[PDB]
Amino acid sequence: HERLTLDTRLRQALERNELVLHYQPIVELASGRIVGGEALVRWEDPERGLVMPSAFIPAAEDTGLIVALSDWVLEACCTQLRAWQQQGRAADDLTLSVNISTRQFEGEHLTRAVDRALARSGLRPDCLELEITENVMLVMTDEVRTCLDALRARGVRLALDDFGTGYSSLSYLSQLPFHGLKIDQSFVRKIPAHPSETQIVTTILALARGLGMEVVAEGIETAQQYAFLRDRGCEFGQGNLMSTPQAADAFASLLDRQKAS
């Protein structure tokens, strides 16, 4: 009942272009350089103010609205990176990643939507990177397998988001074309004081090395977490310590100050 209207309103937000993207710097931990940014959607509701994804993403995942919204995110994100490139603000090494739902494999619609967004923005494919939950391994059909290959063949990097909090098939993990793992922030938050979460993080790092995958740690909140991750060979990180998610202009501000150095 109250859920149906949550969906309806979200649909109207797509209708009226009331979504906005913020971007969180992804950082090379050794050098401090911003080398990437995660696109994160927000809903500027003219009634409720800025509404956060955890309030609407999971419901949209259920009703199938996640697809239309994710088409919008893909387009806006590609356009924005291309705009920054054309304006001389993004260095050549900068990418942006977008969160994808498993609902997007249905009828191979993912491939088509990535292609439309790249074609319309004129963004280079390897500038875009996609992030999906581990749980995609639970729904591994020929259909899903086909999209993974399509994206590899385009150079669009795929990463596993929230790694450690889902279910992985160890055989699939070893076979499929994922290029990166993101250590979930719930483990990062607890290092180095908690053994269980600490050894989870070091195992992930060891898995990634053997699998030829890059690792991004999410949710770095302290100097201590930063130093441990770096000292142990975690390449990249994302967290409020360095920068919260930023509006476009403020993200691009960080780009500008980095170029000056």
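A residue's number is simply how far along the shown sequence it sits, counting from 1.
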Averaging C-alpha B-factors over each stretch, which comes out higher, 157-165 or 99-107? 99-107
Comparing 175-183 with 139-147, the one whose average Cα B-factor in the PDB entry is higher: 139-147
Per the PDB entry, maximal CA B factor within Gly36, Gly212, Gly64, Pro53: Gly64
Taking the entry's C-alpha B-factors for this chain, is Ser70 in the lowest, middle or highest third? highest
By the entry's values, the third containing the CA B factor of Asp115 is the lowest
So, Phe236's CA B-factor, relative to its chain, sits in which third? The middle
CA B-factor placement of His194, once the chain's modelled residues are sorted into thirds: middle
Going by the entry, which third of its chain does the Cα temperature factor of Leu94 land in? highest
